[PDB]
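Undergrad: The structure under discussion is supplied below as structure tokens; questions concerning it will follow.
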Amino acid sequence: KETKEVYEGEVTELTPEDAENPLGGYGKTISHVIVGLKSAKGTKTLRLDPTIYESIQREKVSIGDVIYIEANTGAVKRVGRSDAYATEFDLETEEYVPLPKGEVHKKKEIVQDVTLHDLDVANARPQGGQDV
Amino acid sequence: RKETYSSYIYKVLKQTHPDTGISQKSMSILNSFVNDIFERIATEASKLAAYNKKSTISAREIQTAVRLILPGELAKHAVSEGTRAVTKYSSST
Amino acid sequence: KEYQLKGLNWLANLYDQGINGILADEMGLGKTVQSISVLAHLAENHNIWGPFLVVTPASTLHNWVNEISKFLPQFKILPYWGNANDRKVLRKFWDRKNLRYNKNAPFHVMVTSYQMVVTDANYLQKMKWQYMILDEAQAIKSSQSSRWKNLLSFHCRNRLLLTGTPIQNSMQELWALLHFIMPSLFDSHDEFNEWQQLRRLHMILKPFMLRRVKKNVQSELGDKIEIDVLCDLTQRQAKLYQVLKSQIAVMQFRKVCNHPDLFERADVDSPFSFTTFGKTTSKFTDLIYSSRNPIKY
Amino acid sequence: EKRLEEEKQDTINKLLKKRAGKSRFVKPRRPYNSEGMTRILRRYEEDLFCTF
Amino acid sequence: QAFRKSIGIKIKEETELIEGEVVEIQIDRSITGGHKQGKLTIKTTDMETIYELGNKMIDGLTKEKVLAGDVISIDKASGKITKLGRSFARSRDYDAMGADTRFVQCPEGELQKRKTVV
Amino acid sequence: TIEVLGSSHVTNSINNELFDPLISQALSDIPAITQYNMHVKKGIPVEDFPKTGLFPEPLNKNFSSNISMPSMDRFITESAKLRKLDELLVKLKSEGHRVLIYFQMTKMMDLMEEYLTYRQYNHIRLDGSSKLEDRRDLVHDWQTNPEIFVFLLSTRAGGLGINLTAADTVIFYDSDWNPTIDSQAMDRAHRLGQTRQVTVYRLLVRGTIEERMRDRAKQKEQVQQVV
DNA sequence: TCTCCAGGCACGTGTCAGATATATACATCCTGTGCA
DNA sequence: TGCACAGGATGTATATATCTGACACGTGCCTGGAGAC
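Protein chains in written order, with the authors' numbering: chain A, 134 to 265; chain B, 36 to 128; chain C, 707 to 901, 919 to 971, 1003 to 1036, 1069 to 1083; chain D, 254 to 277, 293 to 320; chain E, 119 to 236; chain F, 1220 to 1446.
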């Protein structure tokens, strides 16, 4: 029985801010990213770490997309474009999804089936973090 | 136009218990309670200032009135809270 | 302008006899225009524009007041719905005195429902009536219903019943209907049950009922055809149904027959996170990447 | 005075009773954001290139 | 692997075909050229629609470069862009590319058509 | 994770190895407004930028992550009644019609609303939780607007004397409660003023608990007809 | 003591908690009847 | 005369459907607390 901390909602604001010396050699280009998430009967704002923002921008999210952030590993899933805007003006065969129910911040319990060999090969070849 | 303390004590309850409701009669008891406590403390302070032939009420006579009225561990916690509040307010520099 | 005029004349003759009438035709022929013609004909007969209680379910309350306003706008309308202050000002409105009949009155036609006949029995115990019609009285069939109990306490001395299908045959529904129609004559259910079983039952209620069937008019109503569609069981529905059979629990059987996700909802398919991280043991919120491994060297 | 107040109360009450009796599209496009990005315009008669 | 190479799966897909004449192309790219987006205005003899473009669509446009008056065909599910030819036959042209495409007519009727492919 | 208790140099070395700025900048990209700020408002040339955008692209959009959200097509294929209802509704919408569906559960129409919003069909809902004012203007928009398609209803609300002359096709999802209340259900629908052929569809699942009470319902029909 | 603006008051509107009702199949309990 | 088996009666179980019922939030306003001398 596995418990997941989940942030989810519709992206409404995606605003980064810059570092003082981007060519300083050490430290990334940006310092924080402000993300505005809206779900059903709720709305939250988050100040993202840059390491989370690498996985956010690797999924190629934008303003008007419904996302799904898993706080256990930092993995981000881009669900699809929101249906609150228009539909028939796209050319990339995307999937249109309503707003997620409930609050933005959630905790849910998930029952998983896992063999010991799966844990062995997960720890032997580590894929699933956000590191190099 | 009438005066009550209700929003302040409501906020005090939401700081420690967010999911708790309120009877209006409970506000009537607790408003009477805070007014009665203010009543005894203020006339104890005025009585003590009239004792010392002073025409001024400051923090020290109400400190002595709090020491007189409240029981000892409540007295020490109350003067701790009051001293930290008045030293925070006095740092307007 | 149709054959319900003969039925209303029959009901007026039964009212002139002195007994409470029976109408149990199924809906689809418009008994509402029949009832407003009954009210108009009695108002043309003995010159009464007075108060008229009618019990009606709340789904068709607005439809009935709409058809009253559209059909015959001579009478006055005083509905009953809303909040208790609106109920108080309607209690201010209907304050009649000296009984009988009034010409300049605002309480000519008023509405109600069963749910506030039940809950406002103290205010409605007084003010004896002259006409109460129980429109769509299919829900009266329980003998222990308090709505039937404070419907029995009215001093109206009229019990004209409107319903579609009274043939639920629970053996106390028919005695309850006969007790509501004639209160003095029908008071014992044991003598009703004690006093061939098919022909006599037709002749029990023969002078009261009138035989009208939908298949007498021009059938442009549609002539409904029953198309029964059968489906098989999917393997998720098969698994939940064999689990429910292994437990044998009826509502669970229905709610897994229609759709599997009424019992449990399918959730996100994610890999099992073999991490230890910063979790909450509960103008923005800060989140930082903090996943580590449980294995420490 | 009393008759006028009774008439006003009856008028407001009848208005409330009448209110109780008689009273009781294309989706917008997605927001397009292009800040600090170059522009290529290929119109019908001329081609443009806006740079920084 | 030799066993599993001999089992075939026939997959059915729903696609949408768009054939029309290009009117206006707007392409917005960042300074390094990584993040690409823009709008496409295509027309037939009856309708006129503005579409939104992603990265793969912009990559398919900037290859076999369309020049605002070519008749193109786009498959939505496959992401294939085919330049059928030029209908406007503009006189003023730059002297670098050939642009010697065949003369076709502007298509008429519905701009978008649903199709089933396997 | 490797830990050395009481040393800060190992933490700095581990944080430098795991989160190397050069490699992590190589596996990502700078935002566009940040690039505009450094190229224009800071005077940094393009060739002095850090190397970005070397992460290889996935095959699809689906292949970019390991998290799979509950699907909608599956929501429709694990229930046979909903699947056959979808198959019938495709040709019903192709015919250009008006249709009522009756229900018995709250969530049985709550999920059916989700199916309609997946199909982007025009629909409005009337149930027990609806306020008394809504049962006026909803019926008004039903009998006036022809562009409405689906009318989700319960039994005792939408089946008691309400004028439903603008519909002929009624579908019974699971309404097998009593023969009398079911017989009253199309009495709101099959009424005077109908202009075309009235068809009633009663979908049911076979060899199940549906057959356990449908025989009793037919027995009650025969008993209430002979009596 | 002069000035001045927003804090807390006063008055409207929606949203999860209780209450009758359907309802049929299953399980259990009570009662009648036949047998040793 | 007592006991065991079978049949009928009734409780109930859990999701409904209507359906209120008493609570928490979004706008005016004015006057009294705060700044300055």
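All C-beta atoms in this analysis are idealised placements derived from N, C-alpha and C, irrespective of residue type, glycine included.
Residues of chain F with CB closer than 8 Å to the CB of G304/D, please, in chain order.
TA: Your numbering for residue 304/D matches position 36 in the fourth sequence. Within chain F, the residues near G304/D are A1251, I1252, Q1254, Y1255, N1256, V1259.
Undergrad: Please classify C318/D as buried or exposed, where buried requires at least 16 other C-beta atoms within 10 Å of its C-beta.
TA: Here residue 318/D is taken as the residue at index 50 of the fourth sequence, counted from 1. By the neighbour-count rule (16 or more Cβ atoms within 10 Å), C318/D is not buried but exposed.
Undergrad: Please go through the stretch 1284-1316 of chain F and give each complete alpha helix (DSSP H) segment of 4 or more residues, from N-terminal end onward.
TA: For the stretch 1284-1316 of chain F, whole alpha helix (DSSP H) runs of length 4 or above, ordered along the chain, are 1292-1296, 1299-1314.
Undergrad: Counting pairs of beta carbons, one from the stretch 730-744 of chain C and one from the stretch 950-968 of chain C, are three or more of them closer than 8 Å?
TA: Pairwise C-beta distances place the stretch 730-744 of chain C out of contact with the stretch 950-968 of chain C, as fewer than three of them are shorter than 8 Å.
Undergrad: I'd like to know if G736/C contacts chain D, where contact means its C-beta is closer than 8 Å to some C-beta of that chain.
TA: Along the third sequence, one-based indexing puts residue 736/C at 30. Not an interface residue.
Undergrad: Can you round the beta-carbon distance between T1029/C and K177/A to whole angstroms, since I take them to be within the 8 Å contact cut?
TA: Stepping through the third sequence from its first residue, residue 1029/C is reached at position 275. Stepping through the first sequence from its first residue, residue 177/A is reached at position 44. The pair is not a contact, with the Cβ atoms about 23 Å apart (cut-off 8 Å).
Undergrad: On the premise that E143/A lies in contact with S215/A, defined as a C-beta separation below 8 Å, what is that separation, rounded to the nearest angstrom?
TA: Residue numbering aside, residue 215/A sits at position 82 when the first sequence is read from its first letter. Residue numbering aside, residue 143/A sits at position 10 when the first sequence is read from its first letter. With a contact defined as Cβ atoms closer than 8 Å, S215/A and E143/A qualify at about 5 Å.
Undergrad: Please state if the CB of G227/E and the CB of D164/E are separated by a distance shorter than 8 Å.
TA: The count along the fifth sequence starts at 1 and reaches residue 164/E at position 46. The count along the fifth sequence starts at 1 and reaches residue 227/E at position 109. Yes, they are a contact pair.
Undergrad: Within 10 Å of its beta-carbon, does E187/A have 16 or more other beta-carbons around it, so buried, or fewer, so exposed?
TA: Residue mapping note: residue 187/A aligns to position 54 of the first sequence, counting from 1. Buried, because 16 or more other Cβ atoms sit within 10 Å of the Cβ of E187/A.
Undergrad: Got a sec, what are the start and stop residues for the alpha helix (DSSP H) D223/A sits in?
TA: Within the first sequence, residue 223/A is the residue found at index 90, counting from 1. Where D223/A is concerned, there is no enclosing alpha helix (DSSP H), given that its DSSP letter is neither H nor E.
Undergrad: Terminal residues of the continuous alpha helix (DSSP H) containing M1331/F?
TA: Counting from 1 along the sixth sequence, the entry for residue 1331/F is found at position 112. Its alpha helix (DSSP H) spans residues 1325-1337.
Undergrad: Over what stretch of residues does the alpha helix (DSSP H) that includes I1400/F continue unbroken?
TA: Here the question's residue 1400/F lines up with position 181 in the sixth sequence. That run of the alpha helix (DSSP H) goes 1398-1402.
Undergrad: Counting contacts by CB-CB distance shorter than 8 Å, is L309/D in contact with chain E?
TA: Numbered from 1 along the fourth sequence, position 41 holds the residue referred to as residue 309/D. Taking Cβ atoms only, chain E reaches closer than 8 Å to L309/D, which makes this a yes.
Undergrad: Output yes or no for whether 8 Å exceeds the beta carbon distance between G304/D and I1252/F.
TA: The residue labelled residue 304/D in the question sits at position 36 within the fourth sequence. The residue labelled residue 1252/F in the question sits at position 33 within the sixth sequence. Taking 8 Å as the cut-off, the beta carbon of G304/D is found closer than this to the beta carbon of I1252/F.
Undergrad: Any C-beta of chain D sitting closer than 8 Å to the C-beta of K1033/C?
TA: Within the third sequence, the letter at position 279 stands for residue 1033/C. So, not an interface residue.
Undergrad: I want to see whether chain E comes within less than 8 Å of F293/D, judged by CB atoms only; does it?
TA: Within the fourth sequence, residue 293/D is the residue found at index 25, counting from 1. No, its Cβ sits nowhere closer than 8 Å to a Cβ of chain E.
Undergrad: Which full runs of the alpha helix (DSSP H) of 4+ residues lie inside the stretch 44-108 of chain B, going along the chain?
TA: 59-86, 94-104
Undergrad: Measuring straight from C-alpha to C-alpha, what distance separates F206/E and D1360/F?
TA: Locating residue 206/E in the fifth sequence gives position 88, where the first residue counts as 1. Locating residue 1360/F in the sixth sequence gives position 141, where the first residue counts as 1. So the two alpha carbons sit approximately 49 Å from each other.
Undergrad: Determine the direct distance from the alpha carbon of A1245/F to that of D1239/F, and round the result to whole angstroms.
TA: Taking the sixth sequence and counting its residues from 1, one reaches residue 1239/F at position 20. Taking the sixth sequence and counting its residues from 1, one reaches residue 1245/F at position 26. Straight-line Cα distance between these residues: approximately 10 Å.
Undergrad: Using a threshold of 8 Å, state whether the C-beta atoms of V1318/F and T1388/F are closer than that.
TA: Position 99 of the sixth sequence, counted from the first residue, corresponds to residue 1318/F. Position 169 of the sixth sequence, counted from the first residue, corresponds to residue 1388/F. Against a cut-off of 8 Å, the Cβ pair of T1388/F and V1318/F comes out as a contact.
Undergrad: Does the distance from the C-beta atom of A1408/F to that of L1371/F stay below 8 Å?
TA: Numbered from its first residue, the sixth sequence carries residue 1408/F at position 189. Numbered from its first residue, the sixth sequence carries residue 1371/F at position 152. No; because the gap between Cβ atoms is not below 8 Å, this pair is not in contact.
Undergrad: Is it buried or exposed, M926/C, if we count other Cβ atoms within 10 angstroms and call 16 or more buried?
TA: Taking the first residue of the third sequence as position 1, residue 926/C is located at position 203. That one is exposed.
Undergrad: Pick from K275/D, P299/D, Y312/D, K267/D: whose alpha carbon is nearest that of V771/C?
TA: The count along the third sequence starts at 1 and reaches residue 771/C at position 65. Among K275/D, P299/D, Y312/D, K267/D, the Cα nearest to that of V771/C belongs to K275/D.
Undergrad: Can you name the residues of chain D whose CB is closer than 9 Å to the CB of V141/E?
TA: Numbered from 1 along the fifth sequence, position 23 holds the residue referred to as residue 141/E. What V141/E touches in chain D: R311, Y312.
Undergrad: Give me the Cα-Cα distance between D1015/C and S1077/C, rounded to the nearest whole angstrom.
TA: Within the third sequence, numbered from 1, the residue matching residue 1015/C stands at position 261. Within the third sequence, numbered from 1, the residue matching residue 1077/C stands at position 291. C-alpha separation (whole angstroms): 33 Å.
Undergrad: Counting along the chain, where does the beta strand (DSSP E) carrying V144/A start and finish?
TA: Start at 1 with the first residue of the first sequence, and residue 144/A comes out as number 11. Per DSSP, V144/A belongs to the beta strand (DSSP E) from 135-151.
Undergrad: Are the C-beta of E1266/F and some C-beta of chain D separated by less than 8 Å?
TA: For this step, residue 1266/F is matched to residue 47 along the sixth sequence. It does not; no Cβ of chain D falls within 8 Å.
Undergrad: Does the beta carbon of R277/D sit closer than 8 Å to a beta carbon anywhere in chain A?
TA: Numbered from its first residue, the fourth sequence carries residue 277/D at position 24. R277/D does not count as touching chain A.
Undergrad: Mapping the DSSP letters down to three states, classify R1431/F as helix, strand or coil.
TA: Position 212 of the sixth sequence, counting from 1, holds the residue named residue 1431/F. Looking at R1431/F - three-state DSSP - the assignment turns out to be helix.
Undergrad: For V936/C and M1291/F, what's the separation of their Cα atoms in angstroms?
TA: The sequence position of residue 936/C within the third sequence is 213, counting from 1. The sequence position of residue 1291/F within the sixth sequence is 72, counting from 1. Approximately 47 Å between the Cα atoms of the pair.
Undergrad: Count the other CB atoms, across all protein chains shown, that sit within 10 Å of the CB of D801/C; report buried if there are 16 or more and exposed otherwise.
TA: Indexing the third sequence from 1 puts residue 801/C at position 95. Exposed, because fewer than 16 other Cβ atoms sit within 10 Å of the Cβ of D801/C.
Undergrad: Taking the C-alpha atoms as reference points, what is the distance between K37/B and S63/B?
TA: On the second sequence, residue 37/B is found 2 positions in, with the first residue counted as 1. On the second sequence, residue 63/B is found 28 positions in, with the first residue counted as 1. Going from the Cα of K37/B to the Cα of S63/B covers about 13 Å.
Undergrad: Within its chain, find whatever has a CB closer than 7 Å to the CB of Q1413/F; leave out the 5 residues flanking it on each side and keep chain order.
TA: Numbered from 1 along the sixth sequence, position 194 holds the residue referred to as residue 1413/F. Answer for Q1413/F: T1384, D1387, listed in chain order.
Undergrad: Assuming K233/E is part of the beta strand (DSSP E), what are its boundary residues?
TA: Position 115 of the fifth sequence, counted from the start, is the residue given in the question as residue 233/E. Unbroken beta strand (DSSP E) run through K233/E: 230-235.
Undergrad: With distances taken from CA atoms, which of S851/C, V817/C, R865/C, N804/C is nearest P889/C?
TA: Your numbering for residue 889/C matches position 183 in the third sequence. Ranking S851/C, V817/C, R865/C, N804/C by Cα distance to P889/C puts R865/C first.
Undergrad: In chain A, which residues lie less than 9 Å from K1069/C when you measure between Cβ atoms?
TA: As a first step, residue 1069/C must be located in the third sequence, where it is residue number 283. Within 9 Å Cβ-Cβ: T178.
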